[PDB]
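Coming up is one lone chain in structure tokens, specifically the form deposited in one PDB entry.
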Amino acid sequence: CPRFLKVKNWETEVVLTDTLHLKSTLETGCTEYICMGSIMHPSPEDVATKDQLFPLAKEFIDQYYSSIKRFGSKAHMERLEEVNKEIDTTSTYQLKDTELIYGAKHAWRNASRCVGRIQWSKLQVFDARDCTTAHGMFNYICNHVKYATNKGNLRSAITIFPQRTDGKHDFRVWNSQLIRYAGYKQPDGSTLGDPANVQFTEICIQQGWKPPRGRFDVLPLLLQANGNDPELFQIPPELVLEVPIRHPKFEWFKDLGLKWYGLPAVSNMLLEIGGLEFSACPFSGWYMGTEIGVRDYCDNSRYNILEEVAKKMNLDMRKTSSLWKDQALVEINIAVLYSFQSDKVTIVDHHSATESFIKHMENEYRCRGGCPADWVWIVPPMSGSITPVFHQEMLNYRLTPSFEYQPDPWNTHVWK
């Protein structure tokens, strides 16, 4: 690799130099002969060995004391030694509260696919490593939801449960997000609610959940503690902020009966810190409008409302080149933004978000020597080229600590 990699913005001519890539840790999937930049997941029940864990821990510890300007200090060398003794006698080790907080914040700072990272340092970290039961997990998650929601003034947060040990005692949240709507396949092949969540719903129903079988039913939490069978809990409905979707100009838009929930809370990723694995680490921010307005609502295999909206807009839907789809899409996204703002629930539009991300990325290049970014994900799902990120060259690479994908728990769980 070269020491200096340069990226250009083609709209502003601004050029930035990246050195942070030298710190890259794992593989991207690309080679010199092929690029897998548009593959969603470019790639066993066993855990890190002693010898594998030593250098990963030391790497993170080094980076931590380096961040607080105490590199090579007595406390640094002592912490190294303590960590080394712990690994050597227990095959694992425990993070200090400060190290945990630093690690969580940096996994977010390092998330190449996140357009919201200007916020990374303002993450509230809830330490749930004392948790031992699913009831306890439920307590922590509820407290998380209430804090994060803040009566609509959303605050970003992460709750972190005990790290993996032997891989047979994992903590998992089986939900893909803390709050999602149920999806139900009908005998006639149609889907009620959210087609994205049909499989998870069927699992909940199997596990005992009695479904309301409506259009927007909040799923229960399915929580696994210490590798035991997962348990169902209903989130107190008052903890679940929702926004009915209406439109500034089209009075009929409310008649569509759409709503969405305020808190986006991904709960199925793995947080890796210093070689330690936190398989349950629900985190939440707030929405960019297109997440709801374009993807959740207008994806074909989601709520797929474009046609019904375009019909009420009395658009000519017979030719594609009338751009009836594009026209309808804009009005839906206007509605989503308008309804959140009206209800004073935090949300950010794709223009503001991408403009803040360019400012963030620049600052990162200046103060950090780079900012990994996944263009394929950073560019919004509509209006791409009228946002500043479209024209921005980016380098993608993996820094640690990081959020990682992990397989769905029902696929691996040994049922007791």
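Here, rigid core means the biggest group of C-alpha atoms that superpose within 1.5 Å across both forms. All residue numbers refer to positions in the sequence shown, first residue = 1. Residues that one form lacks are left out of the comparison.
One more form of this protein exists, namely the form deposited in another entry; it is left out here, but the text below deals with it.
- Looking at CA displacements between this form and the one not shown with the core superposed, a shift of 2 Å or more is confined, among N314, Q206, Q186, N300, to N300.
- In the other form, the Cα atoms of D299 and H350 sit 3 Å or more farther from each other than they do here.
- Relative to the shown form, the Cα atoms of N197 and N300 move apart by 3 Å or more in the other form.
- Comparing the forms between this form and the one not shown on their core, residues 293-304 form the single run of at least three in a row where every Cα shifts 2 Å or more.
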